[PDB]
$ cat coords-v4.cif   # mmCIF, N, CA and C atoms
data_structure
#
loop_
_atom_site.label_atom_id
_atom_site.label_comp_id
_atom_site.auth_asym_id
_atom_site.auth_seq_id
_atom_site.Cartn_x
_atom_site.Cartn_y
_atom_site.Cartn_z
N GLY A 1 96.26 100.04 -4.79
CA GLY A 1 96.35 98.86 -5.67
C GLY A 1 95.82 97.61 -5.01
N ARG A 2 95.05 96.82 -5.76
CA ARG A 2 94.39 95.63 -5.23
C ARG A 2 93.58 95.95 -3.97
N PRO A 3 92.50 96.74 -4.10
CA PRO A 3 91.63 97.08 -2.98
C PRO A 3 90.74 95.91 -2.58
N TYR A 4 90.45 95.06 -3.54
CA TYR A 4 89.53 93.95 -3.34
C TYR A 4 89.90 92.80 -4.26
N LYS A 5 89.29 91.64 -4.00
CA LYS A 5 89.49 90.42 -4.79
C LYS A 5 90.93 89.89 -4.73
N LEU A 6 91.87 90.64 -5.29
CA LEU A 6 93.23 90.16 -5.48
C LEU A 6 94.09 90.39 -4.24
N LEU A 7 93.44 90.46 -3.09
CA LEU A 7 94.14 90.47 -1.83
C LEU A 7 94.33 89.05 -1.35
N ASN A 8 93.29 88.23 -1.54
CA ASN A 8 93.33 86.81 -1.21
C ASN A 8 93.94 86.55 0.16
N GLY A 9 93.44 87.28 1.14
CA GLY A 9 93.84 87.06 2.51
C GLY A 9 92.90 87.74 3.47
N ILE A 10 92.03 86.95 4.07
CA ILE A 10 91.08 87.46 5.04
C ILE A 10 91.30 86.75 6.37
N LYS A 11 90.90 87.38 7.47
CA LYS A 11 91.27 86.94 8.80
C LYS A 11 90.17 86.13 9.46
N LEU A 12 90.57 85.00 10.01
CA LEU A 12 89.69 84.14 10.77
C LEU A 12 90.34 83.78 12.10
N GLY A 13 89.56 83.86 13.17
CA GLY A 13 90.08 83.61 14.49
C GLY A 13 89.70 82.24 14.99
N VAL A 14 90.67 81.36 15.07
CA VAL A 14 90.41 79.98 15.44
C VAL A 14 90.84 79.72 16.88
N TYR A 15 90.11 78.84 17.55
CA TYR A 15 90.47 78.41 18.90
C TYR A 15 90.51 76.90 18.96
N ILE A 16 91.68 76.38 19.30
CA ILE A 16 91.89 74.94 19.34
C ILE A 16 92.50 74.52 20.67
N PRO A 17 92.40 73.23 21.02
CA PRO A 17 92.98 72.70 22.26
C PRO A 17 94.48 72.97 22.38
N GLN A 18 94.98 72.98 23.61
CA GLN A 18 96.40 73.19 23.86
C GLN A 18 97.23 72.10 23.19
N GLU A 19 96.86 70.85 23.45
CA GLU A 19 97.56 69.70 22.88
C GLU A 19 97.51 69.71 21.36
N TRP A 20 96.56 70.46 20.81
CA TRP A 20 96.39 70.56 19.37
C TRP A 20 97.39 71.57 18.83
N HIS A 21 97.40 72.75 19.42
CA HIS A 21 98.36 73.80 19.06
C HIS A 21 99.78 73.28 19.25
N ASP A 22 99.96 72.49 20.29
CA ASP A 22 101.25 71.93 20.66
C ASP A 22 101.81 71.00 19.57
N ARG A 23 101.05 69.98 19.19
CA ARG A 23 101.54 68.96 18.26
C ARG A 23 101.59 69.52 16.85
N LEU A 24 100.64 70.38 16.52
CA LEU A 24 100.58 70.98 15.20
C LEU A 24 101.80 71.86 14.96
N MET A 25 102.14 72.70 15.93
CA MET A 25 103.30 73.57 15.81
C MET A 25 104.60 72.78 15.78
N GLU A 26 104.61 71.61 16.42
CA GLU A 26 105.79 70.76 16.40
C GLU A 26 106.06 70.28 14.97
N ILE A 27 105.02 69.71 14.36
CA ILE A 27 105.10 69.27 12.98
C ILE A 27 105.36 70.47 12.07
N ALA A 28 104.81 71.61 12.47
CA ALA A 28 104.99 72.86 11.75
C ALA A 28 106.46 73.29 11.73
N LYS A 29 107.22 72.89 12.74
CA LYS A 29 108.63 73.25 12.81
C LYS A 29 109.41 72.38 11.83
N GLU A 30 108.98 71.13 11.74
CA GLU A 30 109.55 70.19 10.78
C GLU A 30 109.30 70.66 9.34
N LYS A 31 108.15 71.29 9.12
CA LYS A 31 107.75 71.73 7.78
C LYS A 31 108.10 73.20 7.50
N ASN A 32 108.62 73.88 8.52
CA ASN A 32 108.99 75.31 8.42
C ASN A 32 107.74 76.16 8.13
N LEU A 33 106.65 75.78 8.77
CA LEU A 33 105.36 76.42 8.60
C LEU A 33 104.76 76.74 9.96
N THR A 34 103.69 77.51 9.98
CA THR A 34 102.94 77.72 11.21
C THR A 34 101.65 76.91 11.17
N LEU A 35 101.03 76.67 12.32
CA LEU A 35 99.80 75.87 12.36
C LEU A 35 98.71 76.49 11.49
N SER A 36 98.73 77.81 11.39
CA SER A 36 97.80 78.54 10.54
C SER A 36 97.91 78.05 9.09
N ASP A 37 99.15 77.82 8.65
CA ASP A 37 99.39 77.34 7.30
C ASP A 37 98.85 75.93 7.15
N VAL A 38 99.07 75.11 8.17
CA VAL A 38 98.63 73.72 8.17
C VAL A 38 97.11 73.63 8.16
N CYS A 39 96.46 74.55 8.86
CA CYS A 39 95.01 74.59 8.91
C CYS A 39 94.45 74.92 7.52
N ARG A 40 94.97 76.00 6.94
CA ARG A 40 94.72 76.34 5.54
C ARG A 40 94.96 75.13 4.61
N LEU A 41 96.07 74.43 4.81
CA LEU A 41 96.40 73.26 4.01
C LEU A 41 95.41 72.13 4.26
N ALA A 42 94.82 72.14 5.44
CA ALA A 42 93.90 71.10 5.85
C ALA A 42 92.59 71.18 5.06
N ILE A 43 92.01 72.38 4.99
CA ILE A 43 90.76 72.56 4.25
C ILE A 43 90.99 72.40 2.76
N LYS A 44 92.20 72.72 2.31
CA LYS A 44 92.55 72.53 0.92
C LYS A 44 92.39 71.06 0.53
N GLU A 45 92.97 70.17 1.33
CA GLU A 45 92.85 68.74 1.06
C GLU A 45 91.45 68.27 1.44
N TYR A 46 90.82 68.98 2.36
CA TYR A 46 89.46 68.67 2.78
C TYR A 46 88.52 68.81 1.59
N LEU A 47 88.70 69.89 0.83
CA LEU A 47 87.89 70.14 -0.35
C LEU A 47 88.17 69.08 -1.41
N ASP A 48 89.44 68.89 -1.72
CA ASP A 48 89.87 67.91 -2.73
C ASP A 48 89.45 66.49 -2.36
N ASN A 49 89.32 66.22 -1.07
CA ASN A 49 88.95 64.90 -0.59
C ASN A 49 87.43 64.71 -0.59
N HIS A 50 86.71 65.74 -0.18
CA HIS A 50 85.26 65.64 -0.02
C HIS A 50 84.52 66.01 -1.31
N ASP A 51 85.22 66.63 -2.24
CA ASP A 51 84.66 66.92 -3.55
C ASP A 51 85.70 66.67 -4.63
N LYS A 52 85.30 65.93 -5.65
CA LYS A 52 86.22 65.52 -6.70
C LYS A 52 86.02 66.37 -7.95
N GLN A 53 85.06 67.27 -7.88
CA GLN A 53 84.76 68.15 -9.00
C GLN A 53 85.70 69.34 -8.99
N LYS A 54 85.84 69.97 -7.82
CA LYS A 54 86.77 71.08 -7.64
C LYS A 54 86.47 72.21 -8.62
N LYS A 55 85.38 72.92 -8.37
CA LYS A 55 84.95 73.99 -9.25
C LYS A 55 85.54 75.32 -8.80
N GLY B 1 88.41 77.55 39.09
CA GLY B 1 89.43 76.52 38.81
C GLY B 1 89.90 76.57 37.37
N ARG B 2 90.80 75.65 37.01
CA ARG B 2 91.41 75.62 35.68
C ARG B 2 92.22 76.89 35.43
N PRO B 3 93.40 77.00 36.06
CA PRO B 3 94.27 78.16 35.91
C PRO B 3 94.95 78.20 34.55
N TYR B 4 95.57 77.09 34.19
CA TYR B 4 96.34 76.98 32.96
C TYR B 4 96.28 75.56 32.44
N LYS B 5 96.59 75.40 31.15
CA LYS B 5 96.62 74.10 30.47
C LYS B 5 95.22 73.51 30.29
N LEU B 6 94.46 73.44 31.39
CA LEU B 6 93.17 72.76 31.39
C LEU B 6 92.05 73.68 30.91
N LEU B 7 92.42 74.82 30.36
CA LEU B 7 91.46 75.68 29.68
C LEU B 7 91.33 75.22 28.24
N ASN B 8 92.40 74.58 27.76
CA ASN B 8 92.42 73.88 26.48
C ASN B 8 91.84 74.72 25.36
N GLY B 9 92.43 75.89 25.15
CA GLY B 9 91.98 76.77 24.10
C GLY B 9 92.99 77.85 23.79
N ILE B 10 93.67 77.71 22.67
CA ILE B 10 94.71 78.65 22.26
C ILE B 10 94.24 79.43 21.04
N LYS B 11 94.72 80.66 20.89
CA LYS B 11 94.26 81.54 19.83
C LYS B 11 95.23 81.55 18.66
N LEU B 12 94.70 81.20 17.50
CA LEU B 12 95.47 81.16 16.28
C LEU B 12 94.75 81.90 15.17
N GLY B 13 95.47 82.76 14.48
CA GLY B 13 94.90 83.47 13.36
C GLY B 13 95.36 82.89 12.04
N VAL B 14 94.42 82.44 11.23
CA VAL B 14 94.74 81.91 9.92
C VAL B 14 94.35 82.94 8.86
N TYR B 15 95.04 82.94 7.73
CA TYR B 15 94.75 83.87 6.65
C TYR B 15 94.56 83.13 5.34
N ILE B 16 93.35 83.17 4.82
CA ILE B 16 93.04 82.46 3.58
C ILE B 16 92.25 83.35 2.62
N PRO B 17 92.34 83.05 1.31
CA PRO B 17 91.71 83.85 0.25
C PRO B 17 90.19 83.92 0.36
N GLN B 18 89.63 84.95 -0.26
CA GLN B 18 88.19 85.17 -0.25
C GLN B 18 87.49 84.12 -1.10
N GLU B 19 88.24 83.52 -2.02
CA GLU B 19 87.76 82.37 -2.80
C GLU B 19 87.19 81.31 -1.87
N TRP B 20 87.90 81.05 -0.78
CA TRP B 20 87.47 80.08 0.21
C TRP B 20 86.39 80.67 1.09
N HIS B 21 86.46 81.96 1.35
CA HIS B 21 85.42 82.62 2.13
C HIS B 21 84.07 82.51 1.42
N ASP B 22 84.08 82.62 0.10
CA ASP B 22 82.87 82.45 -0.69
C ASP B 22 82.29 81.05 -0.50
N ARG B 23 83.07 80.04 -0.87
CA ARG B 23 82.56 78.67 -0.93
C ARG B 23 82.34 78.11 0.47
N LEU B 24 83.38 78.22 1.30
CA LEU B 24 83.38 77.60 2.61
C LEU B 24 82.34 78.23 3.52
N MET B 25 82.25 79.56 3.53
CA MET B 25 81.29 80.24 4.39
C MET B 25 79.85 79.96 3.97
N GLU B 26 79.61 79.74 2.68
CA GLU B 26 78.27 79.39 2.23
C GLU B 26 77.88 78.02 2.78
N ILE B 27 78.85 77.11 2.79
CA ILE B 27 78.66 75.81 3.41
C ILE B 27 78.50 75.99 4.91
N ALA B 28 79.23 76.97 5.43
CA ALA B 28 79.19 77.33 6.84
C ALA B 28 77.82 77.87 7.25
N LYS B 29 77.01 78.26 6.26
CA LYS B 29 75.64 78.67 6.54
C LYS B 29 74.81 77.43 6.75
N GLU B 30 74.93 76.52 5.79
CA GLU B 30 74.20 75.26 5.81
C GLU B 30 74.55 74.45 7.06
N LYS B 31 75.82 74.50 7.45
CA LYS B 31 76.31 73.73 8.59
C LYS B 31 76.24 74.54 9.89
N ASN B 32 76.05 75.85 9.74
CA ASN B 32 75.98 76.79 10.87
C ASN B 32 77.30 76.78 11.65
N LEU B 33 78.38 77.01 10.92
CA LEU B 33 79.74 76.98 11.46
C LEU B 33 80.52 78.17 10.95
N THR B 34 81.69 78.42 11.52
CA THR B 34 82.59 79.42 10.98
C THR B 34 83.73 78.72 10.24
N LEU B 35 84.35 79.42 9.30
CA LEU B 35 85.46 78.84 8.55
C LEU B 35 86.60 78.46 9.48
N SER B 36 86.71 79.19 10.59
CA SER B 36 87.66 78.87 11.64
C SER B 36 87.43 77.45 12.15
N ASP B 37 86.16 77.09 12.32
CA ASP B 37 85.79 75.74 12.74
C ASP B 37 86.17 74.75 11.65
N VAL B 38 85.83 75.09 10.42
CA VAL B 38 86.03 74.20 9.28
C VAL B 38 87.52 73.92 9.05
N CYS B 39 88.35 74.94 9.23
CA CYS B 39 89.79 74.81 9.03
C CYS B 39 90.36 73.81 10.05
N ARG B 40 90.04 74.05 11.32
CA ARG B 40 90.33 73.14 12.42
C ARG B 40 89.79 71.72 12.15
N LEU B 41 88.53 71.62 11.76
CA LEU B 41 87.91 70.32 11.53
C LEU B 41 88.60 69.60 10.38
N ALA B 42 89.08 70.38 9.42
CA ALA B 42 89.76 69.83 8.28
C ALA B 42 91.15 69.33 8.65
N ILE B 43 91.72 69.86 9.74
CA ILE B 43 93.00 69.36 10.22
C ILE B 43 92.83 67.95 10.75
N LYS B 44 91.77 67.75 11.52
CA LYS B 44 91.46 66.42 12.03
C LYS B 44 91.24 65.44 10.87
N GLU B 45 90.69 65.96 9.78
CA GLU B 45 90.50 65.18 8.56
C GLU B 45 91.85 64.92 7.91
N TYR B 46 92.66 65.97 7.86
CA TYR B 46 93.97 65.92 7.24
C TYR B 46 94.85 64.89 7.94
N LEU B 47 94.76 64.85 9.26
CA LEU B 47 95.53 63.90 10.05
C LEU B 47 95.08 62.48 9.76
N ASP B 48 93.78 62.25 9.82
CA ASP B 48 93.21 60.90 9.71
C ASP B 48 93.49 60.25 8.35
N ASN B 49 93.51 61.04 7.29
CA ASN B 49 93.74 60.48 5.95
C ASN B 49 95.21 60.16 5.71
N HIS B 50 96.09 60.84 6.43
CA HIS B 50 97.52 60.60 6.29
C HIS B 50 98.00 59.60 7.34
N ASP B 51 97.65 59.85 8.59
CA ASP B 51 98.06 59.00 9.70
C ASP B 51 96.86 58.24 10.26
N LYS B 52 97.05 56.96 10.56
CA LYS B 52 95.96 56.14 11.06
C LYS B 52 96.15 55.77 12.52
N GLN B 53 96.91 56.59 13.24
CA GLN B 53 97.02 56.44 14.69
C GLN B 53 95.88 57.19 15.35
N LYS B 54 95.36 58.17 14.60
CA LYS B 54 94.19 58.95 14.98
C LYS B 54 94.43 59.69 16.29
N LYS B 55 95.66 60.15 16.48
CA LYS B 55 96.03 60.86 17.69
C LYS B 55 95.81 62.36 17.51
#
$ encode --input "coords-v4.cif" --output "structure tokens"
Amino acid sequence: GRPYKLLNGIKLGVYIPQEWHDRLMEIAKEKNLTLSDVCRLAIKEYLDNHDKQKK
Amino acid sequence: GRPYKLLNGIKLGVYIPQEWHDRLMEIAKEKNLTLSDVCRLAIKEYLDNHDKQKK
């Protein structure tokens, strides 16, 4: 079931500075999220911010 | 040299829908980047639009 399309989860390997992982995860504890979630949330607002059409 | 800390590179795996893989990676062709880069870069964007300490 759901072999393709409706999986909506593909893997990307990111590498960021120590101080980046550090502060992001700190805020992530406040939000009960992981930095991975925040990164995902980042491009989400990145799209909405850099494009107002949102197709 | 640079045993720890000063390697400044931690490994984080993010998981996002193929919807974003379609749009973002196509832009990633034009920009010659990976979505991993874009997600990270969007965090710096996410920070700057919310917080103006720019830390």
$ calpha_fit_rmsd --input "coords-v4.cif" --fixed "chain B" --moving "chain A"
1.1 Å
$ resolve_selection --input "coords-v4.cif" --expression "the PyMOL selection byres ((chain A and resi 19-34) around 8)" --output "NGL selection string"
(:A and (16-18 or 35-40)) or (:B and (5 or 8-11))
$ closest_residue --input "coords-v4.cif" --among "B:54, B:44, B:4, B:13" --to "chain A" --atoms "only C-alpha atoms"
B:13
$ select_by_dssp --input "coords-v4.cif" --residues "stretch 2-55 of chain A" --states "strand (DSSP E)" --output "VMD selection string"
chain A and resid 10 to 16
$ axis_aligned_box --input "coords-v4.cif" --around "stretch 5-24 of chain B" --padding-each-side "4 Å" --output "lines of an AutoDock Vina configuration file"
center_x = 89.5
center_y = 79.0
center_z = 14.3
size_x = 22.3
size_y = 20.4
size_z = 42.2
$ select_by_dssp --input "coords-v4.cif" --residues "chain B" --states "alpha helix (DSSP H)" --output "PyMOL selection string"
chain B and resi 18-30+35-50
$ atom_distance --input "coords-v4.cif" --atom1 "atom N of residue B:47" --atom2 "atom N of residue A:50"
12.4 Å
$ closest_residue --input "coords-v4.cif" --among "B:1, B:43, B:6, B:49" --to "chain A" --atoms "all atoms listed in the file"
B:43
$ residues_around --input "coords-v4.cif" --residues "residue B:46" --least-positions-apart "6" --cutoff "8 Å" --atoms "only C-alpha atoms" --output "ChimeraX atom specification"
/A:42-43,45-46
$ decode --input "coords-v4.cif" --residues "stretch 11-54 of chain B" --atoms "N, CA and C atoms" --output "PDB file, in the first residue's frame"
ATOM      1  N   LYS B  11      25.765  15.618  11.479  1.00  0.00           N
ATOM      2  CA  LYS B  11      24.929  14.929  10.507  1.00  0.00           C
ATOM      3  C   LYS B  11      23.487  14.868  10.978  1.00  0.00           C
ATOM      4  N   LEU B  12      22.606  15.406  10.152  1.00  0.00           N
ATOM      5  CA  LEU B  12      21.188  15.429  10.438  1.00  0.00           C
ATOM      6  C   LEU B  12      20.404  14.931   9.238  1.00  0.00           C
ATOM      7  N   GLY B  13      19.475  14.029   9.485  1.00  0.00           N
ATOM      8  CA  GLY B  13      18.629  13.540   8.427  1.00  0.00           C
ATOM      9  C   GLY B  13      17.247  14.150   8.495  1.00  0.00           C
ATOM     10  N   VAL B  14      16.849  14.833   7.436  1.00  0.00           N
ATOM     11  CA  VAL B  14      15.522  15.419   7.365  1.00  0.00           C
ATOM     12  C   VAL B  14      14.655  14.577   6.432  1.00  0.00           C
ATOM     13  N   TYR B  15      13.349  14.571   6.668  1.00  0.00           N
ATOM     14  CA  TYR B  15      12.427  13.813   5.837  1.00  0.00           C
ATOM     15  C   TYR B  15      11.292  14.686   5.347  1.00  0.00           C
ATOM     16  N   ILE B  16      11.250  14.915   4.043  1.00  0.00           N
ATOM     17  CA  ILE B  16      10.226  15.773   3.466  1.00  0.00           C
ATOM     18  C   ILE B  16       9.598  15.134   2.228  1.00  0.00           C
ATOM     19  N   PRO B  17       8.354  15.532   1.905  1.00  0.00           N
ATOM     20  CA  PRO B  17       7.579  14.962   0.794  1.00  0.00           C
ATOM     21  C   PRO B  17       8.238  15.145  -0.571  1.00  0.00           C
ATOM     22  N   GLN B  18       7.840  14.289  -1.506  1.00  0.00           N
ATOM     23  CA  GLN B  18       8.372  14.324  -2.862  1.00  0.00           C
ATOM     24  C   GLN B  18       7.864  15.559  -3.592  1.00  0.00           C
ATOM     25  N   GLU B  19       6.748  16.102  -3.112  1.00  0.00           N
ATOM     26  CA  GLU B  19       6.227  17.379  -3.601  1.00  0.00           C
ATOM     27  C   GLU B  19       7.330  18.437  -3.591  1.00  0.00           C
ATOM     28  N   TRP B  20       8.086  18.462  -2.500  1.00  0.00           N
ATOM     29  CA  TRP B  20       9.187  19.394  -2.356  1.00  0.00           C
ATOM     30  C   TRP B  20      10.386  18.922  -3.153  1.00  0.00           C
ATOM     31  N   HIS B  21      10.568  17.616  -3.242  1.00  0.00           N
ATOM     32  CA  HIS B  21      11.655  17.077  -4.048  1.00  0.00           C
ATOM     33  C   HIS B  21      11.497  17.492  -5.507  1.00  0.00           C
ATOM     34  N   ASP B  22      10.263  17.508  -5.988  1.00  0.00           N
ATOM     35  CA  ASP B  22       9.967  17.957  -7.344  1.00  0.00           C
ATOM     36  C   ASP B  22      10.393  19.411  -7.540  1.00  0.00           C
ATOM     37  N   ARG B  23       9.793  20.303  -6.755  1.00  0.00           N
ATOM     38  CA  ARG B  23       9.961  21.735  -6.975  1.00  0.00           C
ATOM     39  C   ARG B  23      11.357  22.189  -6.567  1.00  0.00           C
ATOM     40  N   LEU B  24      11.740  21.830  -5.351  1.00  0.00           N
ATOM     41  CA  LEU B  24      12.980  22.307  -4.762  1.00  0.00           C
ATOM     42  C   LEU B  24      14.189  21.785  -5.518  1.00  0.00           C
ATOM     43  N   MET B  25      14.196  20.498  -5.856  1.00  0.00           N
ATOM     44  CA  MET B  25      15.332  19.922  -6.563  1.00  0.00           C
ATOM     45  C   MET B  25      15.472  20.483  -7.975  1.00  0.00           C
ATOM     46  N   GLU B  26      14.364  20.859  -8.605  1.00  0.00           N
ATOM     47  CA  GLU B  26      14.447  21.477  -9.923  1.00  0.00           C
ATOM     48  C   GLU B  26      15.137  22.839  -9.811  1.00  0.00           C
ATOM     49  N   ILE B  27      14.810  23.562  -8.748  1.00  0.00           N
ATOM     50  CA  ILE B  27      15.490  24.813  -8.443  1.00  0.00           C
ATOM     51  C   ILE B  27      16.944  24.517  -8.092  1.00  0.00           C
ATOM     52  N   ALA B  28      17.137  23.382  -7.430  1.00  0.00           N
ATOM     53  CA  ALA B  28      18.456  22.905  -7.042  1.00  0.00           C
ATOM     54  C   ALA B  28      19.317  22.571  -8.261  1.00  0.00           C
ATOM     55  N   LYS B  29      18.688  22.423  -9.424  1.00  0.00           N
ATOM     56  CA  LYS B  29      19.441  22.233 -10.659  1.00  0.00           C
ATOM     57  C   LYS B  29      19.965  23.579 -11.104  1.00  0.00           C
ATOM     58  N   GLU B  30      19.049  24.536 -11.155  1.00  0.00           N
ATOM     59  CA  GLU B  30      19.370  25.895 -11.564  1.00  0.00           C
ATOM     60  C   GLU B  30      20.420  26.511 -10.639  1.00  0.00           C
ATOM     61  N   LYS B  31      20.317  26.209  -9.349  1.00  0.00           N
ATOM     62  CA  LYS B  31      21.221  26.770  -8.347  1.00  0.00           C
ATOM     63  C   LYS B  31      22.438  25.868  -8.114  1.00  0.00           C
ATOM     64  N   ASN B  32      22.336  24.629  -8.599  1.00  0.00           N
ATOM     65  CA  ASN B  32      23.383  23.614  -8.442  1.00  0.00           C
ATOM     66  C   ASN B  32      23.627  23.316  -6.959  1.00  0.00           C
ATOM     67  N   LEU B  33      22.547  22.974  -6.274  1.00  0.00           N
ATOM     68  CA  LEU B  33      22.561  22.720  -4.838  1.00  0.00           C
ATOM     69  C   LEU B  33      21.766  21.458  -4.534  1.00  0.00           C
ATOM     70  N   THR B  34      21.866  20.962  -3.310  1.00  0.00           N
ATOM     71  CA  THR B  34      21.007  19.874  -2.878  1.00  0.00           C
ATOM     72  C   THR B  34      19.921  20.428  -1.965  1.00  0.00           C
ATOM     73  N   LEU B  35      18.801  19.731  -1.863  1.00  0.00           N
ATOM     74  CA  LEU B  35      17.710  20.172  -1.000  1.00  0.00           C
ATOM     75  C   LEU B  35      18.175  20.257   0.449  1.00  0.00           C
ATOM     76  N   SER B  36      19.143  19.420   0.795  1.00  0.00           N
ATOM     77  CA  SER B  36      19.779  19.465   2.100  1.00  0.00           C
ATOM     78  C   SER B  36      20.378  20.852   2.351  1.00  0.00           C
ATOM     79  N   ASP B  37      21.013  21.407   1.318  1.00  0.00           N
ATOM     80  CA  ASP B  37      21.567  22.756   1.388  1.00  0.00           C
ATOM     81  C   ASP B  37      20.444  23.763   1.553  1.00  0.00           C
ATOM     82  N   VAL B  38      19.412  23.607   0.733  1.00  0.00           N
ATOM     83  CA  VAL B  38      18.303  24.555   0.693  1.00  0.00           C
ATOM     84  C   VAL B  38      17.551  24.589   2.024  1.00  0.00           C
ATOM     85  N   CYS B  39      17.386  23.428   2.647  1.00  0.00           N
ATOM     86  CA  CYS B  39      16.676  23.331   3.917  1.00  0.00           C
ATOM     87  C   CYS B  39      17.447  24.112   4.997  1.00  0.00           C
ATOM     88  N   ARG B  40      18.735  23.810   5.108  1.00  0.00           N
ATOM     89  CA  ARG B  40      19.678  24.550   5.944  1.00  0.00           C
ATOM     90  C   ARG B  40      19.661  26.056   5.635  1.00  0.00           C
ATOM     91  N   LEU B  41      19.755  26.412   4.363  1.00  0.00           N
ATOM     92  CA  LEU B  41      19.801  27.818   3.968  1.00  0.00           C
ATOM     93  C   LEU B  41      18.499  28.513   4.328  1.00  0.00           C
ATOM     94  N   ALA B  42      17.416  27.758   4.278  1.00  0.00           N
ATOM     95  CA  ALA B  42      16.113  28.286   4.608  1.00  0.00           C
ATOM     96  C   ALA B  42      15.966  28.497   6.105  1.00  0.00           C
ATOM     97  N   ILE B  43      16.754  27.781   6.905  1.00  0.00           N
ATOM     98  CA  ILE B  43      16.743  27.998   8.348  1.00  0.00           C
ATOM     99  C   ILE B  43      17.338  29.357   8.653  1.00  0.00           C
ATOM    100  N   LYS B  44      18.446  29.672   7.992  1.00  0.00           N
ATOM    101  CA  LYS B  44      19.067  30.975   8.155  1.00  0.00           C
ATOM    102  C   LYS B  44      18.091  32.082   7.739  1.00  0.00           C
ATOM    103  N   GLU B  45      17.266  31.779   6.741  1.00  0.00           N
ATOM    104  CA  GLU B  45      16.223  32.689   6.290  1.00  0.00           C
ATOM    105  C   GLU B  45      15.130  32.766   7.351  1.00  0.00           C
ATOM    106  N   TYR B  46      14.763  31.602   7.869  1.00  0.00           N
ATOM    107  CA  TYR B  46      13.704  31.480   8.855  1.00  0.00           C
ATOM    108  C   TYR B  46      14.058  32.269  10.111  1.00  0.00           C
ATOM    109  N   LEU B  47      15.323  32.202  10.498  1.00  0.00           N
ATOM    110  CA  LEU B  47      15.801  32.924  11.665  1.00  0.00           C
ATOM    111  C   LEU B  47      15.728  34.424  11.434  1.00  0.00           C
ATOM    112  N   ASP B  48      16.272  34.871  10.309  1.00  0.00           N
ATOM    113  CA  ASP B  48      16.405  36.299  10.018  1.00  0.00           C
ATOM    114  C   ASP B  48      15.061  37.023   9.917  1.00  0.00           C
ATOM    115  N   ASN B  49      14.039  36.345   9.409  1.00  0.00           N
ATOM    116  CA  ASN B  49      12.727  36.974   9.250  1.00  0.00           C
ATOM    117  C   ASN B  49      11.977  37.056  10.572  1.00  0.00           C
ATOM    118  N   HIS B  50      12.307  36.173  11.502  1.00  0.00           N
ATOM    119  CA  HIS B  50      11.655  36.177  12.805  1.00  0.00           C
ATOM    120  C   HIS B  50      12.481  36.972  13.813  1.00  0.00           C
ATOM    121  N   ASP B  51      13.767  36.668  13.883  1.00  0.00           N
ATOM    122  CA  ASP B  51      14.671  37.326  14.818  1.00  0.00           C
ATOM    123  C   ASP B  51      15.653  38.225  14.076  1.00  0.00           C
ATOM    124  N   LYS B  52      15.894  39.417  14.608  1.00  0.00           N
ATOM    125  CA  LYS B  52      16.775  40.367  13.944  1.00  0.00           C
ATOM    126  C   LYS B  52      18.079  40.554  14.708  1.00  0.00           C
ATOM    127  N   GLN B  53      18.454  39.555  15.493  1.00  0.00           N
ATOM    128  CA  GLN B  53      19.759  39.548  16.137  1.00  0.00           C
ATOM    129  C   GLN B  53      20.771  38.942  15.182  1.00  0.00           C
ATOM    130  N   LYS B  54      20.236  38.149  14.251  1.00  0.00           N
ATOM    131  CA  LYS B  54      21.000  37.546  13.164  1.00  0.00           C
ATOM    132  C   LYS B  54      22.117  36.660  13.699  1.00  0.00           C
TER     133      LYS B  54
END
